[PDB]
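A, B, C, D, E, F and G are the chain letters, set down in written order, and residue numbers restart from 1 in every chain.
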């Protein structure tokens, strides 16, 4: 909201001259209004979208997005702060596609060992007593991480 | 008001122009605003995505009405 | 018409609030903040305290100053423009060079 | 008949409120506001505070002044006209030629 | 473009906030506390109270001091960084060694 | 190694809180109460009020005193120990014999 | 040990509260009240105001006094007894003979 502060992170990207993609619980008009004008004159090309859903649900799926793109998740809850984060902590992707109801990333740049490692930790998740519902949602993450969804 | 603009912040040049308008207790009409065709068509061109919409019912009905007013007629 | 201050009173005008130059070339809009910089339009005769003579003010007309916007600061409209009225004590510093 | 103010009291009369000339040739209606400008009809002997003598007022009869309409400002009716009574401290500035 | 303080005003800058050395080896994150230590960037002429002369400030430029961050303390940003402005009275002590 | 207080400021350290010797043999638990007794670690130059001379403090270094723990009492950490900073006015009495 | 008050401080002890002999030869219950009478245990040097000398306290040690139990009255425990600490101004009168 008034949580606009994070300028040095923002300008670092401006210095870079590259577009910025933002994933968080929510973004309010104060941040969006300035963002729109900054993008319009070509200072920065930046668009923001909302996280997957429920607190535990979105938080759980944030690490894979970051690791897949080689980025770092900002732990507000833990040892990290809004401003506290370098440009290098940001994830990188070839391009993204955004529409009114959907967000897509063509290809984040991350190491295969990290991609597989995310998948490897999933194996405990795969063989689960709960089975119904737990596996269905879980597999969807899995397919997105390295496979495909039909 | 929401974005990079303010109440006072606006020059007379910002204001649009028209030949004349007609106003009554329940209706407002503009005889002819003066604007370029490229802008009129450009508004219409962006409407084509709006035209081809999955919802169809209600979405198209209101949408078409704007379209007719922008370059055609309403009967 | 213009204004003549009544000793120890200085009339100054406020400068732009949160000018869009913060953090670089970034345009920063006004989001609940006020400007403490001003220009000295008028100078009063001086302090009348302790009876012995009147002491002259340390600020000349046309100076650029930094001041504390407190209770001692009053607002009036002159020639349909906003001005500030405060004592010498309320002005914290002078911007020079 | 006229009135004689007592030391450190100044009798002034209020000028027109929200005169229709704001913004140029634009006519400004009354936004429930009141005029802060007046003329000095009478001058008191001076301040009798600190002890050393009596100090004369810095406002001469017939001056045009700007003042703060506070509690210290009282209203009286003389010769069926409205007048204001306030101390020297209340009058912030003088409008000159 | 530096800043010259006006008599009895001292310009200082705040040090690191809630440094993680409290309790012991343990590193304590900032819960929501603010640092009271600072460095003196500039020194004003002195106190002008009671007419006769001006009394000099007891703090030399470049000192490391401990102060009470009260209403009197004000914040301004010059050369794109944060500074604090307060009187001599607000500074409680000097750190020496 | 140590801190030098400014004039009219006295640095003292607080003594034991709700000491377990109340009523004689009986041990009294601490039920939300704080000790008012301290020791004077340092003495400032003295009061500088009303120009003429600087008046010396009435408290010696190393004295045991009783004081009013009010707003005027500040807390600092010296060599990882708790200290209190207050004026002479805040110290109510001296414990002797 | 014993206590030595600092200048303009008087240490006194409170007398019996709601003593039974009120309104005649009547034993009266302690419905809800306190005693304003005390004895002066110790005397401070005196008031230290306006520079020129220190004015001695009018009340000698061992006097029986009447006082106003206000904010200025503080309570401490000495040798397992309750005492009151207040200034000269607080004690209204002296009971004699």
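Quick note on the criterion: a contact is a pair of C-beta atoms (placed from the backbone, for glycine too) under 8 Å apart; a residue touches a chain by one contact, two chains touch by 3 or more.
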(request) Report the chain closest to the protein's overall CA mean, measuring from each chain's own CA mean. (result) E
(message) Relative to subunit C, which chain's C-alpha centre is the most remote?
(response) G
(request) Weigh A-C against F-G on C-beta contact pairs and write down the one with more. (result) F-G
(request) Find the geometric centre of each of subunit B and subunit E from their Cα atoms only, then give the gap between the two centres in Å, rounded to an integer. (result) 59
(message) Suppose each chain is reduced to the average of its Cα coordinates; what separation in Å results between subunit C and subunit G?
(response) 54
(message) With centres defined as the mean C-alpha position, give me the subunit C-subunit F separation in Å.
(response) 43
(request) Can you check how far apart subunit A and subunit F are, centre to centre, with Cα atoms defining each centre and the answer in Å? (result) 56
(request) Mind pulling the residue numbers of subunit E that touch at least two other chains? (result) 50
(request) Give the residues of subunit B that touch two or more other chains, as numbers and ranges in rising order. (result) 4
(message) Touching residues of subunit C toward subunit A in the complex: what are they?
(response) 22-29, 31
(message) Taking the touch rule as given, give the residues of subunit G at its contact with subunit F in the complex, in rising order.
(response) 1-7, 9, 11, 44-45, 48, 51, 74, 76-77, 80, 85
(request) Name, in rising order, each residue of subunit D that touches subunit C in their complex. (result) 22-23, 36, 50, 52, 55, 58, 64, 66, 68, 88, 91-96
(request) Spell out the residues on subunit B that touch subunit A in their complex, using ranges where they run on. (result) 2-4
(message) Using the touch definition from the top, list the residues of subunit A that touch subunit C in their complex.
(response) 2, 4, 7-8, 10-11, 14, 30, 33-34, 37-38, 43
